[PDB]
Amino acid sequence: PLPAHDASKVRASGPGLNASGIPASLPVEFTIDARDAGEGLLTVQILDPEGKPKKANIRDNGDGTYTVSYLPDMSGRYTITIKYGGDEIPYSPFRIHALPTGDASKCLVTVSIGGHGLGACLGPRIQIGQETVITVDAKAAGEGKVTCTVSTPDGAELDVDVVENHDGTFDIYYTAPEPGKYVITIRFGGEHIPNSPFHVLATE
């Protein structure tokens, strides 16, 4: 009996698998071509440079190919394991280097709660359900984007939307929905900005 799938026939390509490096802080995509590999489930696992799982968004293109996207928020080595029908595809695991860009040290951060400016200050205590607005001025930071990653008490890593105003500035809006310890990590071009990470405890 011939197997229903053949992972050895899956082909991968695209910017997100460039072994010569990708720029940190920018979302990136790659393509998986399973048209010759029969019928199976495509799975993609990503381990970030700190050893934590990272979300891999898989889009079914309808024709036997798939587009996978992820956000290398931090610089360093990303390990991407790709399997089809439970079997690893050729060249997996991929080892992708996210390279730093710009100068995160030149970013300026100001925090506001309820319209009260706090400067580059947050916590240690925050209130559950109270929105925090964090503005990052990256006018002098050069090439790169601001990313915000929140480590939640339950252990998840949330990629928080960063509004790019194109002023060279960025706005971050976050509200802690549950009690416990959060780590609010703000990076530019893959590296911490001054005062990041912010460790906070949500209460009340």
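Residue numbers here begin at 1 and follow the sequence given.
Checklist entry - Of 190-198 and 6-14, which one has the bigger average CA B-factor? => result Per the deposited B-factors, the answer is 190-198.
Checklist entry - If you average the CA temperature factors over each stretch, which comes out higher, 32-40 or 145-153? => result Taking the mean C-alpha B-factor of 32-40 and of 145-153, the larger value falls to 145-153.
Item to check | Maximum C-alpha temperature factor, selected from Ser105, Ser112, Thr81, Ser75 | outcome: Across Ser105, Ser112, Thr81, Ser75, the entry lists the biggest C-alpha B-factor for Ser105.
Checklist entry - Out of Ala138, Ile58, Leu47, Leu26, which shows the largest CA B-factor listed in the entry? => result That would be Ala138, according to the entry.
Next on the checklist: Splitting the chain's C-alpha B-factors into thirds, which one does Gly168 fall into?
Outcome noted: Highest third, going by the recorded CA B-factors of the chain.
Next on the checklist: Considering every modelled residue of the chain and its Cα B-factor in the PDB entry, is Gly64 in the lowest, middle or highest third?
Outcome noted: For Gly64, whose C-alpha B-factor we compare with every modelled residue in the chain, the answer is the lowest third.
Item to check | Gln130, C-alpha B-factor rank within chain (lowest, middle or highest third) | outcome: It belongs to the highest third of the chain when residues are ordered by C-alpha B-factor.
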